Every structure is written in structure tokens, then in C-alpha cells.
Amino acid sequence: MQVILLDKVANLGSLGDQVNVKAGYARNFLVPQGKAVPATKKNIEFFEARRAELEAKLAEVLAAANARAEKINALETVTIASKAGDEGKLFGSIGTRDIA
Amino acid sequence: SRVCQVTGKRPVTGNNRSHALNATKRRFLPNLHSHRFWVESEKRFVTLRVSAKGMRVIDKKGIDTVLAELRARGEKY
RNA sequence: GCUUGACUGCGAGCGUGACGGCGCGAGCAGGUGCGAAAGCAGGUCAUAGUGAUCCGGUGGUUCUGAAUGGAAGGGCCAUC
RNA sequence: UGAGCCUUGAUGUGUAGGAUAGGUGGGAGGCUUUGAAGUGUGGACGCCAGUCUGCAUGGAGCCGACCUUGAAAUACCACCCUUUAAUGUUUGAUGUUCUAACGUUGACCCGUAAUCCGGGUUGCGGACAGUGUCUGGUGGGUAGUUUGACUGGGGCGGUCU
RNA sequence: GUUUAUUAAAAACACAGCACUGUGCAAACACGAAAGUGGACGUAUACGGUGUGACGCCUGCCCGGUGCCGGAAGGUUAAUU
RNA sequence: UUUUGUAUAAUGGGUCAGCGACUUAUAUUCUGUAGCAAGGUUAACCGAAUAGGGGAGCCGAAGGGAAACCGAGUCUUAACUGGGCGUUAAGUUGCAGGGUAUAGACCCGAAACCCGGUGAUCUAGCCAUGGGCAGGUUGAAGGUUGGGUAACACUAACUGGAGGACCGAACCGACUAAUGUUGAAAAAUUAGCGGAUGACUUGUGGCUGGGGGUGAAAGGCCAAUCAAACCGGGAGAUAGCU
RNA sequence: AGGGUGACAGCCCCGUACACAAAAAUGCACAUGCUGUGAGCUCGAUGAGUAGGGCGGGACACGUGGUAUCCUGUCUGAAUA
RNA sequence: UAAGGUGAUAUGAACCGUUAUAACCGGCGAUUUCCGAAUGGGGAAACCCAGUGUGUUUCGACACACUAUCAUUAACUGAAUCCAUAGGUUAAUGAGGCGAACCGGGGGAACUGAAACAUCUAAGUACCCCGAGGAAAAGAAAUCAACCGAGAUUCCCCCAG
Ligand SMILES: [Mg+2]
Ligand SMILES: [Mg+2]
Ligand SMILES: [Mg+2]
Ligand SMILES: [Mg+2]
Ligand SMILES: [Mg+2]
Ligand SMILES: [Mg+2]
Ligand SMILES: [Mg+2]
Ligand SMILES: [Mg+2]
Ligand SMILES: [Mg+2]
Ligand SMILES: [Mg+2]
Ligand SMILES: [Mg+2]
Ligand SMILES: [Mg+2]
Ligand SMILES: [Mg+2]
Ligand SMILES: [Mg+2]
Ligand SMILES: [Mg+2]
Ligand SMILES: [Mg+2]
Ligand SMILES: [Mg+2]
Ligand SMILES: [Mg+2]
Ligand SMILES: [Mg+2]
Ligand SMILES: [Mg+2]
Ligand SMILES: [Mg+2]
Ligand SMILES: [Mg+2]
Ligand SMILES: [Mg+2]
Ligand SMILES: [Mg+2]
Ligand SMILES: [Mg+2]
Ligand SMILES: [Mg+2]
Ligand SMILES: [Mg+2]
Ligand SMILES: [Mg+2]
Ligand SMILES: [Mg+2]
Ligand SMILES: [Mg+2]
Ligand SMILES: [Mg+2]
Ligand SMILES: [Mg+2]
Ligand SMILES: [Mg+2]
Ligand SMILES: [Mg+2]
Ligand SMILES: [Mg+2]
Ligand SMILES: [Mg+2]
Ligand SMILES: [Mg+2]
Ligand SMILES: [Mg+2]
Ligand SMILES: [Mg+2]
Ligand SMILES: [Mg+2]
């Protein structure tokens with residue numbers, strides 16, 4: 001019985017390693033004690049959907065995380081009016097409440 | 001009765017044939033076993049009287065589909 | 001002494017049996033042996049020494065070969 | 001305790017010799033600071049010559065065309081015949097342990113104002129037991145049948161071509 | 001005591017007693033395709049089967065044959081492969 | 001009727017009347033008869049329904065050979081002087097009949113085998129619940145008292161009331177004889193006989209079902225039936241016999 | 001046709017041939033009304049513990065035979081125009 | 001439809017009717033005890049005993065109706081045990097039993113024949129059982145054929161003893 005392991009079984013595999021297990025081992029232990037589920041070539045894509053979909057929603061964010069750091073060195077100059085007077089003391093007005 | 005709930009295998013009749021070809025009526029009974037099947041879709045064990053072949057049918061088809069066939073066929077499990 | 005006629009295919013005509021069958025058989029073809037030759041030899045002086053069929057086994061035979069080519073199986077001859 | 005197997009590591013004295021030459025292609029140097037050579041030494045092989053390999057110290061050295069030879073280097077490579085080492089893994093056997101199938105004619109709980117049953121919880125057995133299919137044995141327990149003819153009656157005896 | 005109702009009442013059957021054997025309980029055993037039931041709501045001082053047949057004195061030799069028990073070395077030996 | 005043979009004292013029949021046994025179907029062959037004739041004939045079916053259609057087919061006109069194959073020839077054999085079967089002989093379809101085949105197959109007739117049911121109102125055993133045993137005898141253990149014992153033991157008397165105990169009616173049975181034997185009765189009667197508080201007997205109800213039951217065991221009993229009940233069915237079993 | 005009628009009836013009677021009949025219920029047919037089911041065209045898809053196999057049996061006229069084919073109790077087990 | 005009728009053994013009595021509610025015939029209704037699937041529970045069939053709810057110008061009691069089982073469905077309820085499930089109550093729908101043969105399916109003899117008998121036969125017959133229908137079943141090629149082609153199934157005649 002070809003099963004996909006939902007967890008680490010000691011002498012078999014690791015969170016997905018399709019192995020050929022005796023049917024009694026799977027029928028009576030690995031499936032009811034949820035260490036595995038049979039390899040129907042739908043569960044090789046349905047709970048290896050955790051291998052497929054949860055991996056497939058990472059390649060476009062890997063590409064979308066490149067167009068976010070593209071608008072970085074664009075503006076780089078702001079009208080800053082709080083002068084560093086006699087050696088730089090903060091008293092002015094630049095950030096986080098209200099300009100009208 | 002000695003009937004598999006999955007496949008419907010029943011006792012069937014035949015002959016014992018000796019070397020002299022004496023025919024005496026016999027029976028061929030199914031390899032029936034009461035077995036507790038885990039239903040992950042119900043968080044529950046279901047007990048079926050099932051042939052060893054029916055167990056292979058359950059492994060190949062899945063218990064969720066086999067129980068659907070039963071409740072279509074009546075067969076209060 | 002020399003030899004394989006204890007030959008192969010046949011067989012006029014007979015004898016004997018309810019039948020199955022069993023027996024005797026000149027002569028014909030082919031090919032042998034012995035004899036100088038005439039000739040003789042198809043087992044043994046004769047009469048007992050035996051067992052139907054079925055089922056199969058062996059060998060031979062392109063006779064048959066379930067679409068066709070083969071094969072299997074069957075048949076035929078020999079034999080167990 | 002038995003065999004398989006990708007892959008790599010290791011098994012190879014006609015004599016010519018510096019001596020443990022299966023072979024063809026690929027070639028002019030590979031290996032050595034993720035560690036050399038000269039020594040001691042663990043367990044094996046052994047034609048008793050020395051090879052393979054583990055480990056420790058060691059810190060800049062082992063190995064070629066060679067002189068010879070039908071074949072010239074484990075100098076790096078590649079494929080592969082003879083040879084035996086090793087696991088992942090493959091299926092074999094006995095025993096031990098485990099539990100999760102299975103069993104429970106143990107206990108408690110519920111259905112339930114029920115010594116049935118079922119479910120639950122738990123314990124105890126536990127891959128046995130038991131059951132199906134196949135299979136050898138045994139099997140007048142049961143069943144179906146056979147158990148001859150002649151014959152101064154039949155049987156005994158004798159006979160049967 | 002029991003028995004051949006309807007030709008046999010007996011020396012036959014049974015009997016208490018005796019012995020052998022099986023049986024550790026979901027007992028053996030029996031009725032049952034089975035479930036289960038009896039055994040027994042009993043547990044080896046119990047139950048089943050067998051034979052003998054109060055009591056008394058006793059019960060001798062034979063394990064080759066057949067059976068049963070135990071052994072498991074080897075020989076042969078099924079399905080399977 | 002059966003037999004070598006029967007007046008036979010061998011079978012059968014009391015008599016009369018009525019009923020009672022070689023059939024039917026389909027195939028096959030022979031005979032007769034009719035039709036057509038090297039041809040004969042259709043079956044189902046259609047239908048204009050005993051017509052007509054329908055020639056699917058069947059038999060026949062050629063055989064030989066295991067067969068391929070050949071063909072008035074063929075097979076055998078390497079091949080026949082030859083030998084075997086064939087060639088020189090009209091069949092076919094109806095109708096009627098004689099036989100054969102398959103069917104119950106001329107009629108009657110078994111014991112029996114199998115299937116499915118009905119039966120424990122008889123009987124056998126068990127289960128539950130109730131009842132019955134006149135009357136008379138015997139006198140176990142134990143108890144009490146007295147004796148006796150260091151104490152137990154032991155002992156005498158009185159008591160006590162055991163027992164598959166004794167005698168004997170009911171009750172249950174059935175040893176003998178006679179009667180009866182087409183009975184009064186398909187097992188009784190009469191005179192005697194055994195048990196009669198038990199392993200007794202009896203009432204009512206209940207359970208066990210046929211290769212099964214039950215059986216203190218006789219193959220006994222399971223509804224006057226028992227070495228496999230009864231009823232119905234397979235079934236007209238089969239019957240080389242009468 | 002047939003049946004009766006005091007013996008045998010075409011013409012005595014009931015009938016028969018023939019021709020007529022339905023308030024109501026109901027059937028088999030045609031048309032139609034309502035509520036159901038979806039025709040026609042396009043690309044696709046094409047029945048797995050199954051076929052097949054081993055063991056045992058059964059069914060096919062076919063008795064395991066050299067025995068195809070079907071069914072399957074048991075153990076297995078493909079391919080996918 | 002009618003001048004005659006009140007079924008028969010079977011008269012008589014007492015009546016009905018005669019031009020259209022006499023009787024007779026037919027359609028549609030209505031009544032339709034008790035038993036019996038029997039269905040409220042039980043039961044030695046035609047009997048016994050209830051429960052609930054409605055109503056009843058005497059409050060002694062009456063009348064009617066409903067109340068089986070299983071299945072399916074739904075709603076409400078509701079364990080061990082959190083959800084949950086099992087379970088339970090109600091309601092709705094349907095089934096239940098009978099019946100000659102034919103039909104399909106599940107099981108399945110023996111006598112007999114073989115001049116015995118076991119393979120074989122009888123025969124998938126008889127019989128038991130389930131289920132259905134007016135017919136059932138079968139049925140639209142994973143069929144035959146033989147290189148030509150046919151074109152689901154069923155039945156009849158041949159093929160052919
Ligand atoms: Mg002589
Ligand atoms: Mg061929
Ligand atoms: Mg072929
Ligand atoms: Mg041959
Ligand atoms: Mg016997
Ligand atoms: Mg004799
Ligand atoms: Mg006595
Ligand atoms: Mg007697
Ligand atoms: Mg007597
Ligand atoms: Mg004795
Ligand atoms: Mg002795
Ligand atoms: Mg032994
Ligand atoms: Mg005489
Ligand atoms: Mg005379
Ligand atoms: Mg006289
Ligand atoms: Mg006489
Ligand atoms: Mg006389
Ligand atoms: Mg007489
Ligand atoms: Mg007469
Ligand atoms: Mg017989
Ligand atoms: Mg019987
Ligand atoms: Mg019966
Ligand atoms: Mg008695
Ligand atoms: Mg007494
Ligand atoms: Mg009297
Ligand atoms: Mg008397
Ligand atoms: Mg007395
Ligand atoms: Mg006797
Ligand atoms: Mg009797
Ligand atoms: Mg009998
Ligand atoms: Mg009958
Ligand atoms: Mg008869
Ligand atoms: Mg196939
Ligand atoms: Mg097979
Ligand atoms: Mg076959
Ligand atoms: Mg009732
Ligand atoms: Mg009632
Ligand atoms: Mg016979
Ligand atoms: Mg047979
Ligand atoms: Mg074509």
C-alpha cells in the first residue's frame with residue numbers, strides 16, 4: 001500500500017516520502033493514528049497540496065517582493081525645516097501628528 | 001448471514017470431487033472477517049463483516065466511497 | 001559347413017467356427033540365403049505355449065490440421 | 001542466522017623484472033595544508049614475498065618513458081571478465097519485545113427500571129488464537145455399494161482358458 | 001428395583017462399590033452449518049466416557065500383534081515455490 | 001394355468017351382472033397399395049385456411065478410400081498375374097399394415113430408495129405443578145437415667161421411631177394355571193401371584209421428531225404400525241419373476 | 001344455428017339472420033389541454049480489485065481431455081485506441 | 001324492462017303491483033357484524049382485556065374515532081462523552097396476506113437405466129425457498145463468420161441424431 005506520510009515515522013520517512021508499506025501497517029496503525037494517508041495520485045496532490053499549493057504561493061511573492069524595493073532611491077530629497085542649530089538639538093516639527 | 005457487506009460474496013455451492021470422481025455436495029464460504037474501519041470523514045470506527053477481497057476493495061476505493069455504496073444499497077451498517 | 005526365408009507386399013482356392021475369429025495354402029511381384037544344379041526356404045515333425053475392445057505410450061508417415069500459415073490433437077503403418 | 005542488489009571500495013606472481021603485468025580507448029605527470037614520506041600497530045588476505053586497510057604521531061614527499069618486456073604502469077579517467085568485502089534495501093528462518101488488527105464466556109459506564117446485544121472506558125491475551133480457501137493425514141462416526149458361476153439341493157471342497 | 005405394551009421377568013439390564021481414562025473451565029463431552037444451549041449458575045473430594053458389579057480373600061505372566069501415550073534424530077512425504 | 005407330464009389330492013375361480021389388459025406419439029425398416037418418376041416430396045410459415053403459395057431442406061440418381069484425394073472406378077502395394085469394395089439393378093412421397101427404437105409402452109403386483117410435511121392426546125425419557133398410599137408389625141441411630149471409666153470407651157433398662165425394612169387392602173404391576181382363541185375383549189376373564197414411603201405411583205400441562213428421538217438396553221417404545229413412524233409426493237420406481 | 005312445446009315443427013313458443021339501443025361507469029385506440037422528463041448541433045469522455053492468472057469447483061452437447069469460451073469460492077492482478 | 005311479483009326444497013299465510021318507485025335486469029353509490037394479513041394488547045380462529053382523545057337537555061354510564069410491525073423520509077427530542085453519534089417520541093408515504101399455471105433466481109434428491117456398481121444416467125427433473133409480471137426472461141455484439149460477408153434478443157422448421 002503506497003502511503004504518503006503526514007508526519008515523521010521513525011524507520012520509514014519524513015513528512016512526505018511515498019513508501020511501500022504493508023497494508024496492515026497502514027490500515028490499522030498509520031491511517032487511524034494519523035501518520036499517513038494512502039497515495040491515490042490525488043492525495044499525492046491533495047495533501048501534497050501542502051507540497052504543491054503552499055509552495056506555489058511563494059514563487060510569485062518572491063517576484064512581487066522585487067518590485068517593492070524598486071521605488072527606494074527615487075525621491076531621496078525632502079524639504080526638511082528643523083535646523084540642526086548649535087550642535088543638533090530636536091525642538092522642531094517634522095513627524096507623525098498634524099500639518100494643515 | 002455469511003455475506004460480505006462490501007462485495008456481496010455469499011456462500012456458493014459446489015462439489016467435492018474424489019479421485020474416483022465421486023461428487024458430494026459442498027459449500028464454498030467467503031473469507032469473512034469482522035473488521036473495524038477508520039472513517040476519517042466521521043472521526044469514527046465503522047465495523048463491517050467483510051471479505052478479505054472487500055478489504056482490498058476498501059484499500060483501493062476508500063471507505064468513504066464504499067460506505068456510500070452500502071447506504072445506497074440499504075445495508076444498514 | 002555356409003547362412004537369416006523366424007523376408008516385405010499380396011494371394012487362386014480351401015478347411016474350421018453362430019460370430020469375433022483361427023487354420024492350410026500353390027502361385028505373383030520385390031529383394032535374399034543355401035546348392036554345381038534340379039530345387040528348397042514366408043520359422044521350428046505337427047497338434048498347447050494364450051487375452052477381444054477401450055484408454056493411452058513409443059517410433060514412422062506434411063493423411064487431416066476448426067480464419068490463414070504452422071502446431072497441438074486426431075487418423076494411417078509399425079509396435080508396447 | 002540465509003540469499004539478492006544500483007553504486008562505489010577492494011580480488012589478478014608462465015618467465016623477461018627495481019616486483020602481486022586481465023584488457024581497449026583516453027594521455028603526458030595525478031595525489032599531498034577538508035593533509036605527504038620515513039615508523040609503531042588493530043583486524044584480514046597470503047604463493048610468506050608483501051599487498052589491502054583502520055588508527056595515532058608525523059609535516060613538505062610517494063609515484064612514468066625507465067635498462068628490460070608478446071602487454072608498460074593504480075600517473076588522473078572510462079567500460080568490464082575472474083575474485084570476494086558493505087550497507088540502504090530486497091525477500092528466508094527461529095526467538096525476544098512491542099501494539100494497532102483480531103480475541104476476551106474479566107471489570108466498570110451508557111443505551112436501559114435488561115446476566116441478550118451494541119457502543120464506550122479499562123485491563124488481560126495478542127499477530128498467536130480463531131475463521132475462509134487450498135492441502136497431506138486420520139476417519140464404519142456416517143453414507144453408497146460389492147461380495148461370481150458350475151454344482152445329482154445349497155455350502156464346504158474342487159473346477160473355470 | 002428394571003425389561004421384550006401384545007408368546008421370553010430371567011442367570012439379562014440397572015445398582016451401590018471398584019478401576020482405567022479423559023477433562024484447568026470459553027473444561028472435556030454432547031445438540032447445533034451457526035448463534036448459542038446443556039455440562040453447570042457446577043470447577044478435579046468436580047464432570048464426561050469406558051469396563052467391572054454388594055461384601056470377603058484376591059486379581060498372576062505376556063507390550064511381539066492392534067490401539068493409545070510419549071519421543072523426535074534421521075528416512076519417506078502434500079499444497080506451495 | 002403351469003408343465004416332460006395333471007381327474008389329479010398342483011394353481012385359480014362361490015355365482016351373476018357390469019368394468020378389466022399389445023395402446024398412443026414420434027422416428028426407423030420391410031410388405032402391400034396409390035400417386036409421380038431420374039426424379040420424388042415439401043417443413044415451419046403465409047393464406048386467397050383441407051386449396052394455393054413456400055423446395056429451406058430431406059431421400060434418390062456413384063462409388064472407393066482412415067483421409068487427402070481419385071472417380072465407373074477406387075483402395076491396397078514400389079507395382080499387381082492380382083485381390084477387396086463398387087460399377088451391368090428406380091427411386092420417392094402418401095395411405096394401410098408387420099417389426100424395431102424412445103417414451104409407463106400389454107395389464108396388474110413388490111419389498112424398498114429419495115424429497116417435503118404431520119404426529120409424544122398411546123408409549124419412552126425428562127421438566128413444572130398438584131394428588132395418592134386402609135390397617136397392622138419390626139424397633140436402627142440418637143436421647144435420658146442408673147451403673148462403670150482418671151476420663152473416653154463399654155454396659156442394662158426406659159425412651160426414640162430409622163428403613164429402596166416386614167405382613168397386608170387401595171394403588172401400581174403381571175409369575176402360574178385354566179377359560180377364551182369367528183373372544184364379552186385385535187391381549188381380556190377367573191382363581192391364585194409380586195411390589196405396596198419408594199429407584200414408588202398418579203392427575204393436569206409442557207419438551208424431545210424419523211437415521212431422528214427416547215431407551216435401568218428388550219432393537220424396546222415413538223397413536224392397535226418400528227432393524228428406521230405416518231401422510232402426501234418423485235411414482236405408472238424397478239420386477240430377466242408369478 | 002339451436003332449444004322447447006302431450007310422438008319428429010322453417011311457418012305454436014323462445015330464438016336465429018338482419019337491423020336498432022345507453023342515463024351511468026369503464027377499457028383499447030386517435031386528436032388535443034395541463035403538469036413532468038429534455039430533442040438537434042460542437043469539442044470531449046468511453047465502466048479496475050476489473051480483464052487475465054494460480055488453486056478449487058460449477059456451466060458450456062463437450063465427463064480435464066491436447067480443451068478454447070463463460071461463472072466465481074480462494075489468493076492475486078494488467079493494459080487504458 | 002314490465003303485467004305480473006314477494007330466491008329454492010315448498011306449499012300456504014299475509015301482502016305488493018297491473019301504464020309506472022310491484023318484482024325482474026344493468027351502471028353508479030350506500031350499508032357492509034365477528035374471525036382471518038388481522039394491524040390497540042392478548043388468545044384454545046370467529047373470544048378475552050385495554051389505553052388515549054373527542055362528544056353526549058338524567059351523570060348509572062353510552063356513542064364514534066384512533067392506537068400493530070417493518071422500511072423510507074422528515075421534524076422534535078436525546079446517552080455513555082465536548083461536539084457528536086447511537087437511542088427515543090411524533091407525523092407522512094409505502095409494504096404486509098392470498099392466489100391455478102406460466103416466468104426468473106437461490107438451493108437440490110433418489111428410485112431408475114447402465115441388464116451388478118462407484119464415473120456416468122435419471123436431472124438441474126421432483127421437491128423446498130425468494131421474487132416478479134401480464135407475461136416474465138433475454139436483448140442492441142468486447143457476436144458470428146472466414147478474407148466473401150452477416151448485423152440485438154426471443155420463438156417455430158431445418159441443419160442433425
Ligand atoms: Mg514339437
Ligand atoms: Mg489453422
Ligand atoms: Mg483457430
Ligand atoms: Mg499422430
Ligand atoms: Mg456400511
Ligand atoms: Mg449357484
Ligand atoms: Mg425383585
Ligand atoms: Mg411379552
Ligand atoms: Mg410373561
Ligand atoms: Mg457384567
Ligand atoms: Mg489382570
Ligand atoms: Mg507416535
Ligand atoms: Mg414338475
Ligand atoms: Mg389323465
Ligand atoms: Mg377331490
Ligand atoms: Mg399347494
Ligand atoms: Mg385341482
Ligand atoms: Mg380357490
Ligand atoms: Mg362377467
Ligand atoms: Mg442405487
Ligand atoms: Mg427422507
Ligand atoms: Mg423435511
Ligand atoms: Mg415406564
Ligand atoms: Mg418395603
Ligand atoms: Mg375385571
Ligand atoms: Mg388377578
Ligand atoms: Mg406387601
Ligand atoms: Mg437381539
Ligand atoms: Mg404401537
Ligand atoms: Mg424402510
Ligand atoms: Mg408434492
Ligand atoms: Mg408398479
Ligand atoms: Mg475473457
Ligand atoms: Mg479455474
Ligand atoms: Mg475447458
Ligand atoms: Mg395480534
Ligand atoms: Mg386486535
Ligand atoms: Mg442398475
Ligand atoms: Mg452423475
Ligand atoms: Mg468487413
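Just the heavy atoms: all of them, side chains too, but no hydrogens, waters or symmetry mates, feed the values below. The chains referred to below are lettered A, B, ... by the order of the sequence lines, with proteins before strands, and numbering in each begins at 1.
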With sequence neighbours left out, write down each residue that passes side chain to side chain contact (heavy atoms under 4.5 Å, CB included) with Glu69(B), or none if nothing qualifies.
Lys61(B), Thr65(B), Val66(B)
Let me check something: any side-chain donor-acceptor pairs from residues 50-74 of chain A under 3.5 Å, sequence neighbours excluded? List them with distances.
unit_1, atom_1, unit_2, atom_2, d
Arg51(A), NH2, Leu15(A), O, 2.3
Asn66(A), ND2, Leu62(A), O, 2.3

For the nucleotides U1(F) and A10(F), report whether a Watson-Crick or G-U wobble pair is present, with both relevant distances below 3.5 Å.
yes
Scanning all shown strands, the Watson-Crick or wobble mate of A72(E) with both distances under 3.5 Å is none
Kindly state whether the bases of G219(F) and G220(F) qualify as stacked, with ring centres closer than 5.5 Å and planes tilted less than 30 degrees?
no
Working to the nearest 0.5 angstrom, can you tell me the gap between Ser82(A) OG and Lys89(A) NZ?
14.5 Å
Does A34(E) carry a north or a south sugar when the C1'-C2'-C3'-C4' torsion is used to decide?
north
Reading nucleotides 78-93 of chain H from the 5' end, what letters show protein touch, with B for base, S for backbone sugar-phosphate only, - for no heavy atom under 4.0 Å?
----------------
Please tabulate, one pair per line, each protein N/O and nucleotide N/O from nucleotides 132-135 of chain D that are separated by under 3.5 Å, including the distance.
unit_1, atom_1, unit_2, atom_2, d
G132(D), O3', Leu29(B), O, 3.2
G132(D), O2', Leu29(B), O, 2.8
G132(D), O2', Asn31(B), N, 3.3
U133(D), OP1, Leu29(B), N, 3.0
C134(D), OP1, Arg26(B), NH1, 3.0
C134(D), OP2, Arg26(B), NH1, 3.0
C134(D), OP2, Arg26(B), NH2, 2.9

If we call it a pair only when both distances are under 3.5 Å in a Watson-Crick or G-U wobble match, what pairs with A78(D)?
none
Any strand counts, and the cut-off is 3.5 Å on both contacts for Watson-Crick or G-U wobble. Which nucleotide pairs with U69(G)?
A59(G)
Table of protein N/O atoms under 3.5 Å from nucleotides 61-72 of chain G N/O atoms:
none

Side chains of residues 26-44 of chain A: which donor-acceptor partners sit under 3.5 Å, not counting sequence neighbours?
unit_1, atom_1, unit_2, atom_2, d
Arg27(A), NH1, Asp59(B), OD2, 2.8
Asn28(A), OD1, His35(B), NE2, 3.1
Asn28(A), ND2, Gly24(A), O, 3.4
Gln33(A), NE2, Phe29(A), O, 3.4
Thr40(A), OG1, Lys42(A), N, 3.3
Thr40(A), OG1, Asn43(A), N, 3.0
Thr40(A), OG1, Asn43(A), OD1, 2.9

Does the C1'-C2'-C3'-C4' torsion put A79(F) in the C3'-endo-side north group or the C2'-endo-side south group?
north
With the side chain of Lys61(B) defined as its heavy atoms from C-beta on, choose the nearest nucleotide among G108(H), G49(G), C120(H).
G49(G)
Atom pair CZ (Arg49(B)) and CD (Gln5(B)), whose distance is rounded to the nearest 0.5 Å:
9.0 Å
Nucleotide by nucleotide, nucleotides 96-107 of chain D touches protein heavy atoms under 4.0 Å in the pattern (B base, S sugar-phosphate only, - none) ----BSS-----
Would you confirm whether the neighbouring bases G12(F) and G13(F) count as stacked, given the thresholds of 5.5 angstrom between ring centres and 30 degrees between planes?
yes
Any side-chain N or O of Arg56(B) less than 4.0 Å from the OP1 or OP2 oxygen of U76(G)?
yes
Between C66(H) and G40(H), how far is it from one P atom to the other, in whole Å?
9 Å
Side chains of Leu48(B) and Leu67(B): does their closest heavy-atom pair fall under 4.5 Å?
yes
Can you sort out which residues in residues 64-77 of chain B have a heavy atom within less than 4.0 Å of RNA chain G? Ascending by number, please.
none
Rounded to whole angstrom, note down the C1' distance from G211(F) over to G144(D).
14 Å
What are the atom names and distances for every N/O pair under 3.5 Å that joins the protein to nucleotides 123-129 of chain H?
unit_1, atom_1, unit_2, atom_2, d
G124(H), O6, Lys25(B), NZ, 2.6

Quick one: look up who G91(F) pairs with, Watson-Crick or G-U, both distances under 3.5 Å, and put none if it's unpaired.
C36(F)
Is the side chain of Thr13(B) donor-acceptor paired with the backbone N or O of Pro11(B) at a distance under 3.5 Å, no angle test?
no
Going only by the six-membered rings, do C157(H) and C158(H) fall inside 5.5 Å on centre distance and below 30 degrees on plane angle?
yes
Test of understanding: with side chain to side chain contact (heavy atoms under 4.5 Å, CB included), list the residues that count as partners of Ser41(B), not counting sequence neighbours.
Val39(B), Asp64(B)
Look through every strand shown and name the nucleotide pairing with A44(E) as Watson-Crick or G-U wobble, where both distances are under 3.5 Å.
none
Treat a base pair as Watson-Crick or G-U wobble with both distances under 3.5 Å, then lay out RNA chain H in dot-bracket form, 5' to 3', with | for cross-strand pairs.
...(((.......))).......................(((....)))(((((((....))))))).(((((((((.........)))))))))......((((((.....(......)......))))).).........((....))...........
Give a yes or no on whether a donor-acceptor pair under 3.5 Å exists between the nucleobase atoms of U76(G), that is its base, and the side chain of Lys53(B).
yes
Pairing nucleotide - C126(F), Watson-Crick or G-U, each distance under 3.5 Å
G206(F)
Under 3.5 Å on both distances, the Watson-Crick or G-U partner of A96(F)
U31(F)
Applying ring-ring contact (aromatic ring centres under 6.0 Å, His included), can you list everything that pairs with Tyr77(B), at least two apart in sequence or on another chain?
none
Would you measure the distance from the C1' atom in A5(E) across to the matching atom in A187(F) and give it in whole Å?
10 Å
Please answer whether the main-chain N or O of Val3(B) pairs with a side-chain N or O of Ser1(B) as donor and acceptor at a distance below 3.5 Å.
no
Both distances under 3.5 Å, Watson-Crick or G-U wobble: report the partner of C154(F), or none.
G147(F)
